[PDB]
């Protein structure tokens, strides 16, 4: 049972100098998208192009995945993405990430039917 004090802290406390900062984007997103449960996912990329443009990659340039599987595709154009990588000081359950906004081609694995993105393989 969550205690009242912990509830107040969860719902109302965000002690900081500039919490709304974009340097904080990854810390908040990785938390929100549930990638910090039990351990910090060490690296994760978020894509900012439309969901339609990303799905479109599944019929663009075919490439081999980093793991040898052969169902990966590389986007024809660069896309705006946010790279999230643990800081040299992040320790669960206080995961910490460095936010890096860049534009690069993305490589995703496509599967299912219709064939759609099911895994983020890499950015180049």
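Positions refer to the first chain, counted from 1.
- Comparing the deposited coordinates for 69-77 and 84-92, the stretch with the larger average C-alpha B-factor is 84-92.
- Higher mean CA temperature factor, per the PDB entry, when comparing 41-49 with 93-101: 93-101.
- Sort the chain's modelled residues by C-alpha temperature factor and residue 32 lands in the lowest third, per the entry.
- Residue 63: CA B factor in the highest third of modelled residues in this chain (values from the PDB entry).
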